[PDB]
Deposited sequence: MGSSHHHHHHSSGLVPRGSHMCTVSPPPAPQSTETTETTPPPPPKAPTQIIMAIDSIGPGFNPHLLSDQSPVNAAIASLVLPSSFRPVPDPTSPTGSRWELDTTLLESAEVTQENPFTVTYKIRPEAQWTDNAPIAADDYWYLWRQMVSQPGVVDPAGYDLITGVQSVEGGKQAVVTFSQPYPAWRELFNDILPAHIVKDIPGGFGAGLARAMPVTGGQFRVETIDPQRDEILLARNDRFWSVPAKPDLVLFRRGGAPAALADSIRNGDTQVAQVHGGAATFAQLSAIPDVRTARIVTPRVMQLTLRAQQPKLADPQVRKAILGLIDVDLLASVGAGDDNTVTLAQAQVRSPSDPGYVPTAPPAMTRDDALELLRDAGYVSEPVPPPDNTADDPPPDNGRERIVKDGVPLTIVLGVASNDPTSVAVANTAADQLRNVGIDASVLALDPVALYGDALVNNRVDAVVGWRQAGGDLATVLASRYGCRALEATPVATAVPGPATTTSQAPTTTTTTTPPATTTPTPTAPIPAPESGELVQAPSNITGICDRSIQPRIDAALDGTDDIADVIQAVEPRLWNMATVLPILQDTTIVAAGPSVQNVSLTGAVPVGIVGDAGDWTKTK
């Protein structure tokens, strides 16, 4: 009988491509850490604006260095032994492929750094990757992590955008993916026998649905479950902590939920209407729905920084009342009229105000939030609705063809802040290269500061301080919450530190886990 360690999770999540906004999840981040190769891995560092320092992964690489400063260039020297699970080499082609996807695919994680890449050339039989940049990019160590098998993802049904939703057939790490089971909500990982370095101690690691708090409690109490990373509130936390010799903590997850308005929509072109819509929405209500009873809410009250960032301070302007929001609508030329027979309703020169909130049908939590947002607008006579779509259609079709007025979904937390700022609010990220600024607008007066932060000639903390008011004033982005989870380790498992960098979580040392 093989040694198996069981880790409890909420569910398997929306997908397994870490580079997609649609797939942001603690489960997705955990599996990627364990099965995919990375150029650099994060470690906790309170000295970093991000809370993490990125350190060379010597398992995959011999080196990664700035080779020239004129045309800013980084050369990666990949290990000869480093291979995908199908015996194909992990090579410069995989680097080239990730760059092309990050720059061409809609709905990808903060690609401002990738956008600066001028070329990726293959040298030394594919074992050396020379990456050229159009400018200095100090955050380059965050590029080319969670690398995907180019020859595989290219041909797989769904491709980059949807191919890894329920499948990971070819991997390149300590562990491999044996099965992904949506019915049972299980992910079975096996030790990769074709791994080229120090072998993982456990034969198998099973991720499974924890179920109700009482059920998970008894499973850990009985010793059937060794580790847990789940959503739950103070009561659940207290129940798990009361089990003899069980270690528990609440950690932040590398994602923040946001609601974004599409300001390029004519009905939302007026900033005062945008302010009114956001002012009619109770963000505290959205957060509580987003977190649930079974969760403790960490409010997201800044634009650039996530609550988990060491320098995080709320920057949100004072909350608007309901009467002032309605006052703003009246000034914009809106009135209310009776509803025609086959309540009350809001119209501008006879045209009812309509708001369609786009969301990934993949994500029950975001879907619930979008619905509560729509409920609130419907209460004041706005014809608001939710359009739940396939993740690829959402960012690729609905946004490009203006089928929605707003988007609810997750963004990465814990990444370089300059890259966050540029990707989401920058003028260059509007150009359409699928736009990463899905807002439809930018503030021109702050662009030099964004550029200077991105190339590192300006301190990011000073840039954030200077630009935050202007970001809020655009009235396009409403941050909701940062995701948190309860983590636990029972006495029956060894070498489980419930600590790690924000991007990774608690699975960084999973290769060392032993039981009894």
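Undergrad: List the gaps, meaning deposited-sequence segments with no CA coordinates, ordered along the sequence.
TA: Seq positions lacking coordinates: 1-45, 388-399, 490-536, 621.
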